[PDB]
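**Q** What follows is data.cif; its format and atoms are mmCIF, N, CA and C atoms and all ligand atoms.
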data_my_file
loop_
_atom_site.label_atom_id
_atom_site.label_comp_id
_atom_site.auth_asym_id
_atom_site.auth_seq_id
_atom_site.Cartn_x
_atom_site.Cartn_y
_atom_site.Cartn_z
N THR A 3 0.81 -1.22 0.00
CA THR A 3 0.00 0.00 0.00
C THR A 3 0.84 1.27 0.00
N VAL A 4 0.42 2.26 -0.77
CA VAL A 4 1.07 3.56 -0.73
C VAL A 4 0.29 4.53 0.16
N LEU A 5 -0.88 4.95 -0.30
CA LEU A 5 -1.79 5.81 0.47
C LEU A 5 -3.23 5.51 0.07
N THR A 6 -3.94 4.72 0.86
CA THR A 6 -5.31 4.36 0.48
C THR A 6 -6.29 5.49 0.76
N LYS A 7 -7.45 5.43 0.10
CA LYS A 7 -8.52 6.36 0.39
C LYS A 7 -8.91 6.29 1.86
N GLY A 8 -8.95 5.08 2.41
CA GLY A 8 -9.32 4.89 3.81
C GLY A 8 -8.36 5.57 4.77
N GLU A 9 -7.07 5.58 4.44
CA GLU A 9 -6.11 6.18 5.36
C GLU A 9 -6.31 7.68 5.39
N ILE A 10 -6.54 8.28 4.22
CA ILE A 10 -6.83 9.71 4.17
C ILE A 10 -8.09 10.03 4.97
N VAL A 11 -9.13 9.23 4.80
CA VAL A 11 -10.40 9.47 5.46
C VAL A 11 -10.22 9.37 6.99
N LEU A 12 -9.49 8.35 7.44
CA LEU A 12 -9.29 8.14 8.88
C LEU A 12 -8.56 9.30 9.52
N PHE A 13 -7.61 9.86 8.79
CA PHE A 13 -6.89 11.04 9.28
C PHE A 13 -7.90 12.14 9.65
N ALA A 14 -8.82 12.40 8.73
CA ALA A 14 -9.86 13.40 8.93
C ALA A 14 -10.88 12.98 9.99
N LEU A 15 -11.33 11.73 9.97
CA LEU A 15 -12.35 11.28 10.92
C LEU A 15 -11.84 11.35 12.35
N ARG A 16 -10.58 10.98 12.54
CA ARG A 16 -9.98 11.02 13.88
C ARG A 16 -10.01 12.43 14.42
N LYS A 17 -9.65 13.39 13.58
CA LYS A 17 -9.60 14.77 14.05
C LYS A 17 -11.01 15.35 14.22
N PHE A 18 -11.93 14.92 13.37
CA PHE A 18 -13.32 15.34 13.52
C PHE A 18 -13.89 14.87 14.86
N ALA A 19 -13.62 13.61 15.20
CA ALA A 19 -14.14 13.05 16.45
C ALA A 19 -13.66 13.85 17.65
N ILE A 20 -12.39 14.25 17.62
CA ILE A 20 -11.81 15.09 18.68
C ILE A 20 -12.54 16.43 18.79
N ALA A 21 -12.73 17.10 17.66
CA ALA A 21 -13.43 18.37 17.64
C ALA A 21 -14.88 18.21 18.08
N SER A 22 -15.55 17.16 17.60
CA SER A 22 -16.94 16.91 17.92
C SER A 22 -17.12 16.63 19.41
N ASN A 23 -16.24 15.81 19.96
CA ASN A 23 -16.26 15.53 21.40
C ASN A 23 -16.06 16.80 22.24
N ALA A 24 -15.13 17.65 21.82
CA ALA A 24 -14.83 18.87 22.56
C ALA A 24 -16.01 19.83 22.59
N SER A 25 -16.80 19.85 21.52
CA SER A 25 -17.89 20.82 21.39
C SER A 25 -19.15 20.40 22.13
N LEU A 26 -19.11 19.21 22.74
CA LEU A 26 -20.25 18.62 23.44
C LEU A 26 -21.45 18.30 22.55
N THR A 27 -21.38 18.65 21.26
CA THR A 27 -22.47 18.34 20.34
C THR A 27 -22.61 16.82 20.19
N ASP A 28 -21.49 16.12 20.31
CA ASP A 28 -21.46 14.66 20.33
C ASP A 28 -22.09 14.06 19.07
N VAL A 29 -21.70 14.61 17.92
CA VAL A 29 -22.07 14.06 16.63
C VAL A 29 -21.18 12.86 16.32
N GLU A 30 -21.79 11.72 16.00
CA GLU A 30 -21.02 10.54 15.63
C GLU A 30 -20.39 10.75 14.25
N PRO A 31 -19.07 10.48 14.12
CA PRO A 31 -18.46 10.61 12.79
C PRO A 31 -19.02 9.54 11.86
N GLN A 32 -19.06 9.80 10.57
CA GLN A 32 -19.52 8.78 9.64
C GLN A 32 -18.53 7.62 9.61
N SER A 33 -18.95 6.49 9.06
CA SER A 33 -18.07 5.35 8.89
C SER A 33 -16.95 5.69 7.92
N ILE A 34 -15.90 4.89 7.94
CA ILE A 34 -14.82 5.07 6.98
C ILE A 34 -15.36 4.88 5.56
N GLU A 35 -16.28 3.92 5.40
CA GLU A 35 -16.85 3.68 4.07
C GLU A 35 -17.58 4.90 3.53
N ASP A 36 -18.33 5.57 4.40
CA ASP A 36 -19.06 6.75 3.96
C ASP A 36 -18.13 7.96 3.82
N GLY A 37 -17.12 8.04 4.68
CA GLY A 37 -16.11 9.08 4.53
C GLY A 37 -15.39 9.00 3.19
N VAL A 38 -15.19 7.79 2.68
CA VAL A 38 -14.58 7.60 1.35
C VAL A 38 -15.47 8.23 0.27
N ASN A 39 -16.79 8.11 0.41
CA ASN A 39 -17.69 8.76 -0.55
C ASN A 39 -17.53 10.27 -0.49
N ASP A 40 -17.36 10.78 0.73
CA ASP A 40 -17.14 12.20 0.97
C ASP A 40 -15.85 12.66 0.29
N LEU A 41 -14.78 11.89 0.46
CA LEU A 41 -13.49 12.23 -0.16
C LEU A 41 -13.60 12.20 -1.68
N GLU A 42 -14.26 11.16 -2.18
CA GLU A 42 -14.44 11.01 -3.62
C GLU A 42 -15.17 12.22 -4.22
N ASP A 43 -16.20 12.67 -3.51
CA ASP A 43 -16.97 13.84 -3.89
C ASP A 43 -16.11 15.11 -3.84
N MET A 44 -15.33 15.28 -2.77
CA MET A 44 -14.45 16.45 -2.69
C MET A 44 -13.47 16.47 -3.85
N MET A 45 -12.88 15.31 -4.14
CA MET A 45 -11.93 15.21 -5.24
C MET A 45 -12.59 15.53 -6.57
N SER A 46 -13.83 15.07 -6.73
CA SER A 46 -14.62 15.37 -7.93
C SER A 46 -14.83 16.88 -8.08
N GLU A 47 -15.12 17.56 -6.98
CA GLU A 47 -15.29 19.01 -7.01
C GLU A 47 -14.00 19.70 -7.40
N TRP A 48 -12.88 19.19 -6.88
CA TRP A 48 -11.58 19.82 -7.18
C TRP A 48 -11.20 19.73 -8.65
N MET A 49 -11.68 18.70 -9.35
CA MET A 49 -11.41 18.58 -10.78
C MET A 49 -11.87 19.83 -11.52
N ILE A 50 -12.96 20.41 -11.05
CA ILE A 50 -13.50 21.65 -11.61
C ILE A 50 -12.64 22.84 -11.21
N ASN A 51 -12.35 22.95 -9.92
CA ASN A 51 -11.44 23.96 -9.37
C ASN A 51 -10.91 23.49 -8.03
N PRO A 52 -9.58 23.56 -7.82
CA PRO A 52 -8.56 24.22 -8.64
C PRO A 52 -8.00 23.38 -9.78
N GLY A 53 -8.36 22.11 -9.85
CA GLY A 53 -7.85 21.25 -10.90
C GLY A 53 -7.41 19.89 -10.41
N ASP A 54 -6.88 19.11 -11.34
CA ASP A 54 -6.58 17.69 -11.13
C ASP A 54 -5.24 17.48 -10.42
N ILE A 55 -5.23 16.75 -9.31
CA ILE A 55 -3.96 16.42 -8.67
C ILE A 55 -3.58 14.96 -8.86
N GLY A 56 -4.32 14.24 -9.70
CA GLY A 56 -3.97 12.87 -10.00
C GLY A 56 -4.63 11.82 -9.13
N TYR A 57 -5.73 12.20 -8.47
CA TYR A 57 -6.49 11.25 -7.67
C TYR A 57 -7.04 10.11 -8.54
N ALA A 58 -7.03 8.89 -8.01
CA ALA A 58 -7.54 7.74 -8.76
C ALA A 58 -9.03 7.52 -8.48
N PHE A 59 -9.89 7.99 -9.38
CA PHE A 59 -11.33 7.88 -9.18
C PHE A 59 -11.86 6.49 -9.49
N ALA A 60 -12.86 6.07 -8.72
CA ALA A 60 -13.70 4.92 -9.09
C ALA A 60 -14.49 5.31 -10.35
N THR A 61 -14.61 4.40 -11.31
CA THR A 61 -15.29 4.71 -12.57
C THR A 61 -16.42 3.73 -12.85
N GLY A 62 -17.33 4.11 -13.74
CA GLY A 62 -18.45 3.24 -14.08
C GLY A 62 -19.26 2.85 -12.86
N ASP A 63 -19.48 1.55 -12.70
CA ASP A 63 -20.28 1.01 -11.60
C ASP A 63 -19.48 0.79 -10.31
N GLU A 64 -18.16 1.01 -10.36
CA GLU A 64 -17.30 0.84 -9.18
C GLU A 64 -17.73 1.72 -8.01
N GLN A 65 -17.71 1.15 -6.80
CA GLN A 65 -17.90 1.91 -5.57
C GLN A 65 -16.52 2.06 -4.93
N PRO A 66 -16.07 3.31 -4.68
CA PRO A 66 -14.76 3.47 -4.04
C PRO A 66 -14.75 2.88 -2.64
N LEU A 67 -13.66 2.21 -2.29
CA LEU A 67 -13.56 1.50 -1.02
C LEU A 67 -12.37 1.99 -0.22
N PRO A 68 -12.43 1.84 1.12
CA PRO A 68 -11.29 2.28 1.95
C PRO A 68 -9.94 1.70 1.52
N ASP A 69 -9.88 0.43 1.13
CA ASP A 69 -8.57 -0.12 0.78
C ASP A 69 -8.10 0.21 -0.64
N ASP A 70 -8.89 0.94 -1.42
CA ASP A 70 -8.45 1.34 -2.76
C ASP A 70 -7.32 2.36 -2.65
N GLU A 71 -6.31 2.26 -3.51
CA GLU A 71 -5.29 3.30 -3.54
C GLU A 71 -5.92 4.63 -3.94
N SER A 72 -5.46 5.71 -3.32
CA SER A 72 -5.99 7.04 -3.62
C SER A 72 -5.44 7.57 -4.95
N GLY A 73 -4.34 6.97 -5.42
CA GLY A 73 -3.61 7.48 -6.55
C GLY A 73 -2.64 8.59 -6.18
N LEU A 74 -2.62 8.97 -4.91
CA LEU A 74 -1.77 10.06 -4.45
C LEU A 74 -0.57 9.53 -3.67
N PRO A 75 0.57 10.25 -3.71
CA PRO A 75 1.70 9.85 -2.86
C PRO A 75 1.43 10.20 -1.40
N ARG A 76 2.14 9.55 -0.48
CA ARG A 76 1.95 9.80 0.95
C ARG A 76 2.16 11.25 1.34
N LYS A 77 3.02 11.95 0.62
CA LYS A 77 3.29 13.34 0.97
C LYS A 77 2.07 14.23 0.79
N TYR A 78 1.05 13.77 0.07
CA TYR A 78 -0.19 14.54 -0.06
C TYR A 78 -1.22 14.29 1.06
N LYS A 79 -0.94 13.34 1.94
CA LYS A 79 -1.95 12.89 2.90
C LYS A 79 -2.49 14.04 3.76
N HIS A 80 -1.59 14.79 4.40
CA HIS A 80 -2.04 15.90 5.24
C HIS A 80 -2.81 16.97 4.46
N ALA A 81 -2.29 17.38 3.30
CA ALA A 81 -2.95 18.44 2.54
C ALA A 81 -4.39 18.04 2.19
N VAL A 82 -4.58 16.85 1.64
CA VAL A 82 -5.93 16.43 1.28
C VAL A 82 -6.76 16.14 2.53
N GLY A 83 -6.17 15.45 3.49
CA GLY A 83 -6.88 15.10 4.71
C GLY A 83 -7.38 16.32 5.48
N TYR A 84 -6.58 17.38 5.53
CA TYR A 84 -7.02 18.59 6.22
C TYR A 84 -8.17 19.27 5.50
N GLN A 85 -8.18 19.24 4.17
CA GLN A 85 -9.32 19.82 3.48
C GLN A 85 -10.59 19.02 3.74
N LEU A 86 -10.46 17.70 3.79
CA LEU A 86 -11.60 16.84 4.06
C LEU A 86 -12.11 17.10 5.48
N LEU A 87 -11.18 17.29 6.40
CA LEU A 87 -11.56 17.64 7.77
C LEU A 87 -12.32 18.96 7.83
N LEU A 88 -11.83 20.00 7.14
CA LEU A 88 -12.54 21.28 7.17
C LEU A 88 -13.96 21.13 6.64
N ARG A 89 -14.10 20.29 5.63
CA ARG A 89 -15.40 19.99 5.05
C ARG A 89 -16.35 19.38 6.09
N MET A 90 -15.84 18.38 6.79
CA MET A 90 -16.62 17.71 7.80
C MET A 90 -16.98 18.62 8.98
N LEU A 91 -16.03 19.44 9.40
CA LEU A 91 -16.29 20.37 10.51
C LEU A 91 -17.40 21.35 10.12
N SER A 92 -17.29 21.87 8.91
CA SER A 92 -18.26 22.84 8.39
C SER A 92 -19.68 22.24 8.35
N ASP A 93 -19.77 20.96 8.01
CA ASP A 93 -21.06 20.26 7.99
C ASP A 93 -21.83 20.34 9.31
N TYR A 94 -21.11 20.41 10.43
CA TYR A 94 -21.75 20.48 11.75
C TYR A 94 -21.45 21.79 12.48
N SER A 95 -21.17 22.83 11.70
CA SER A 95 -20.96 24.18 12.24
C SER A 95 -19.91 24.21 13.35
N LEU A 96 -18.91 23.35 13.23
CA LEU A 96 -17.80 23.36 14.18
C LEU A 96 -16.67 24.21 13.63
N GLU A 97 -16.29 25.25 14.36
CA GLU A 97 -15.17 26.07 13.91
C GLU A 97 -13.87 25.33 14.18
N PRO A 98 -12.97 25.30 13.20
CA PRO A 98 -11.70 24.60 13.42
C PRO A 98 -10.83 25.35 14.42
N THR A 99 -10.02 24.64 15.18
CA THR A 99 -9.02 25.28 16.04
C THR A 99 -8.08 26.11 15.17
N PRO A 100 -7.42 27.12 15.76
CA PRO A 100 -6.46 27.88 14.97
C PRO A 100 -5.34 27.00 14.43
N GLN A 101 -5.00 25.94 15.15
CA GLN A 101 -3.93 25.06 14.70
C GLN A 101 -4.36 24.29 13.45
N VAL A 102 -5.58 23.76 13.49
CA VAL A 102 -6.13 23.05 12.33
C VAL A 102 -6.22 23.98 11.13
N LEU A 103 -6.78 25.17 11.33
CA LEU A 103 -6.90 26.15 10.26
C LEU A 103 -5.54 26.46 9.63
N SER A 104 -4.53 26.65 10.47
CA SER A 104 -3.19 26.97 9.98
C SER A 104 -2.55 25.81 9.23
N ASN A 105 -2.68 24.61 9.80
CA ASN A 105 -2.12 23.42 9.18
C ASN A 105 -2.78 23.17 7.83
N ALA A 106 -4.09 23.39 7.77
CA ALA A 106 -4.81 23.17 6.52
C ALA A 106 -4.37 24.18 5.47
N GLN A 107 -4.29 25.44 5.85
CA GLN A 107 -3.94 26.46 4.85
C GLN A 107 -2.50 26.28 4.34
N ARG A 108 -1.56 25.98 5.23
CA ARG A 108 -0.17 25.84 4.83
C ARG A 108 0.04 24.60 3.96
N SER A 109 -0.61 23.50 4.32
CA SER A 109 -0.44 22.28 3.53
C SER A 109 -1.11 22.43 2.16
N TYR A 110 -2.22 23.15 2.10
CA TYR A 110 -2.93 23.35 0.85
C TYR A 110 -2.11 24.24 -0.09
N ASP A 111 -1.58 25.32 0.48
CA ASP A 111 -0.72 26.22 -0.28
C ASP A 111 0.46 25.46 -0.86
N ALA A 112 1.06 24.58 -0.07
CA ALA A 112 2.20 23.79 -0.51
C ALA A 112 1.81 22.79 -1.60
N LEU A 113 0.63 22.21 -1.48
CA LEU A 113 0.19 21.27 -2.50
C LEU A 113 -0.06 21.95 -3.84
N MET A 114 -0.72 23.11 -3.81
CA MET A 114 -1.26 23.70 -5.03
C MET A 114 -0.32 24.70 -5.71
N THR A 115 0.71 25.16 -5.01
CA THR A 115 1.61 26.17 -5.58
C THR A 115 3.06 25.83 -5.33
N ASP A 116 3.95 26.49 -6.07
CA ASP A 116 5.37 26.40 -5.80
C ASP A 116 5.99 27.77 -5.90
N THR A 117 7.14 27.89 -5.28
CA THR A 117 7.89 29.14 -5.26
C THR A 117 9.25 28.86 -5.86
N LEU A 118 9.54 29.46 -7.02
CA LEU A 118 10.76 29.14 -7.76
C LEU A 118 11.78 30.25 -7.62
N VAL A 119 13.05 29.89 -7.50
CA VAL A 119 14.13 30.87 -7.34
C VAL A 119 14.96 30.83 -8.61
N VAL A 120 14.99 31.96 -9.32
CA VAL A 120 15.60 32.00 -10.64
C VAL A 120 16.52 33.21 -10.75
N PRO A 121 17.46 33.18 -11.70
CA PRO A 121 18.20 34.42 -11.97
C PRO A 121 17.23 35.49 -12.46
N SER A 122 17.49 36.77 -12.20
CA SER A 122 16.52 37.79 -12.59
C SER A 122 16.52 37.94 -14.11
N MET A 123 15.42 38.47 -14.64
CA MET A 123 15.26 38.69 -16.08
C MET A 123 16.38 39.57 -16.61
N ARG A 124 16.83 40.50 -15.77
CA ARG A 124 17.93 41.39 -16.13
C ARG A 124 19.23 40.60 -16.34
N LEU A 125 19.47 39.61 -15.49
CA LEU A 125 20.69 38.81 -15.57
C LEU A 125 20.66 37.80 -16.72
N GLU A 126 19.52 37.12 -16.88
CA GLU A 126 19.35 36.06 -17.88
C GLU A 126 19.85 36.44 -19.27
CA CA B 201 2.11 0.92 3.07
CA CA B 202 -1.86 9.65 -9.38
CA CA B 203 -19.87 6.09 -10.89
MG MG B 204 5.14 25.13 -2.29
#
Show how you would write the structure in this file as structure tokens.
Ligand SMILES: [Ca+2]
Ligand SMILES: [Ca+2]
Ligand SMILES: [Ca+2]
Ligand SMILES: [Mg+2]
**A**
Amino acid sequence: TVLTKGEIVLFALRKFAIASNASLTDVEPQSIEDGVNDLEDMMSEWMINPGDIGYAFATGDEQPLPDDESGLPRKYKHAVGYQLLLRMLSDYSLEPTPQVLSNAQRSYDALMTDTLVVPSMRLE
């Protein structure tokens, strides 16, 4: 295994459960199987914007499963997992901790952009 859909989902579900418990709302997190549908849907939305990161979608009649490879390298786990977490928190009006918000924004920025160091146009 490299990085399964289930592992990404569990990363988010674990953190959701912590937030949910803290808020006393005591919302039960969805199953890993249903969280995979949530991830699949988020990835589908991203295809529209900001674009394709190479996720391996279930096609045709296939149902995505926790043990399916995500198509992503392990280094993407936090970036995608934190976005899935923000999605889940938002569903139950739970505000993310400042740490979660920061981790999500920094990992997302790192996933979607790069900063290149080049000789200046004047020098080139
Ligand atoms: Ca492995
Ligand atoms: Ca891929
Ligand atoms: Ca389908
Ligand atoms: Mg970067």
**Q** Rounded to one decimal, what separation in Å do you get between atom CA of residue 104 of chain A and atom CA of residue 29 of chain A?
**A** 23.8 Å
**Q** Would you mind listing the residues within 5 Å of ligand CA 203 (chain B), counting all atoms listed in the file, as a ChimeraX atom specification?
**A** /A:61-63
**Q** How many Å separate atom CA of residue 109 of chain A from atom C of residue 54 of chain A?
**A** 15.5 Å
**Q** Using only N, CA and C atoms and all ligand atoms, which residue out of A:100, A:121, A:8, A:56 lies closest to ligand CA 202 (chain B)?
**A** A:56
**Q** Kindly work out which residues sit at most 7 Å from ligand MG 204 (chain B), using only C-alpha atoms and all ligand atoms, and give the list as a JSON list (two decimals) with N, CA and C atoms, in the coordinates of the input.
**A**
[["chain", "number", "residue", "atom", "x", "y", "z"],
["A", 111, "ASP", "N", -1.58, 25.32, 0.48],
["A", 111, "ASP", "CA", -0.72, 26.22, -0.28],
["A", 111, "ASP", "C", 0.46, 25.46, -0.86],
["A", 112, "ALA", "N", 1.06, 24.58, -0.07],
["A", 112, "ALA", "CA", 2.20, 23.79, -0.51],
["A", 112, "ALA", "C", 1.81, 22.79, -1.60],
["A", 113, "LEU", "N", 0.63, 22.21, -1.48],
["A", 113, "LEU", "CA", 0.19, 21.27, -2.50],
["A", 113, "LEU", "C", -0.06, 21.95, -3.84],
["A", 115, "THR", "N", 0.71, 25.16, -5.01],
["A", 115, "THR", "CA", 1.61, 26.17, -5.58],
["A", 115, "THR", "C", 3.06, 25.83, -5.33],
["A", 116, "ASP", "N", 3.95, 26.49, -6.07],
["A", 116, "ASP", "CA", 5.37, 26.40, -5.80],
["A", 116, "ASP", "C", 5.99, 27.77, -5.90],
["A", 117, "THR", "N", 7.14, 27.89, -5.28],
["A", 117, "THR", "CA", 7.89, 29.14, -5.26],
["A", 117, "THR", "C", 9.25, 28.86, -5.86]]
**Q** Have a look at A:20, A:5, A:90, A:58 and name the one nearest to ligand CA 202 (chain B); count all atoms listed in the file.
**A**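 Of all the options, A:58 lies closest to ligand CA 202 (chain B).
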